[PDB]
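Presented as structure tokens, the chain that follows is alone, the form deposited in one PDB entry.
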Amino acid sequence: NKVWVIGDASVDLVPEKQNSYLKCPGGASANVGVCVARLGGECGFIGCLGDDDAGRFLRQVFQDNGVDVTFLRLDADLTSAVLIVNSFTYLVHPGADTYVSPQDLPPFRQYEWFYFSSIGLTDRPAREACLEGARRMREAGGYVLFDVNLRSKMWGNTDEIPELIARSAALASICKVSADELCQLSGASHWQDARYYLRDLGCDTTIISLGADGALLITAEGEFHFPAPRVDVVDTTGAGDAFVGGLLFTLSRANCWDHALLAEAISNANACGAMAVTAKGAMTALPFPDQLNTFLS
């Protein structure tokens, strides 16, 4: 089954010396799409980008990775995002990725997956596109994966976040969150004191990440933990996207899913989450089918 990712794609400039930036492809939604594609899965990107430099560059990157771009439109009246890893400093104000809208949605099919995060929720056009997209995917008999990739500093009135988060866990088949983001949401200092936070918001399945520590699967059979490989950081950029990437690649192999698949899924997550940190780009060390096993064992 096909995995549809909707959201941001951008150029990330990460330093090296005391006078230069390394140009890498990026965007939470882009990283995830390229991750799922590289693992041999079938993935499609739904979004907007300007018909500019950054636009065509990132577009090309999708093609070189096997990511369907039929529904990725490039508007010349727009400018594609560019940030600088220093921990992010965004440069483009409205950000082309925020212009995607319900018209840009592809017809959905049974058992397919729809992915989106709060980043897709910041500005209006996109916001509608995401929530409608999830609505249609569920109506089509499909699954929605909401990654509450909380980006406080990107929002205009942080007084919309708690509300849009709840309406996503609602539509969401599976919600993925980080230890930090839970605390930062529940207002709690100990995530564990509020780890049924999303569940009580409408989502029955939660996958809470924990760094080089792994993840915590929270369904109803109980809380299951998974270990993260021996880390050796080089650039933490995109660990989270690689994690969700491997997660969808797996879930997408079946039509239905249970703890079983949910465990092989999270194992792939923790794995793809560790590797990616080894390189210096958000999606530089995203594994191929043959590089994943060599690292696995």
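Sequential numbering from 1, following the sequence displayed.
Beyond what is shown, the protein has a form solved in complex with a small molecule; the following relates to that form.
Figure note: of the listed segments 240-248, 46-54, 59-67, 253-261, the one touching the small molecule in the entry with it bound, with heavy atoms no more than 4.5 Å away, is 240-248. At a distance of at most 4.5 angstroms from the small molecule in the entry with it bound, none of the three residues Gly141, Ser173 and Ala220 contributes a non-hydrogen atom. The small molecule in the entry with it bound comes within 4.5 Å of a heavy atom belonging to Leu210.
A residue is said to contact a partner when one of its heavy atoms sits within 4.5 Å of a partner heavy atom; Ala274 meets this definition for the small molecule in the entry with it bound. With a 4.5 Å cutoff on heavy atoms, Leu198 does not count as touching the small molecule in the entry with it bound; it lies far away. Among heavy atoms of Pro229, some come within 4.5 Å of the small molecule in the entry with it bound. Put simply, of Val100, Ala134, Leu121, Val148 only one has a heavy atom within 4.5 Å of the small molecule in the entry with it bound, and it is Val148.
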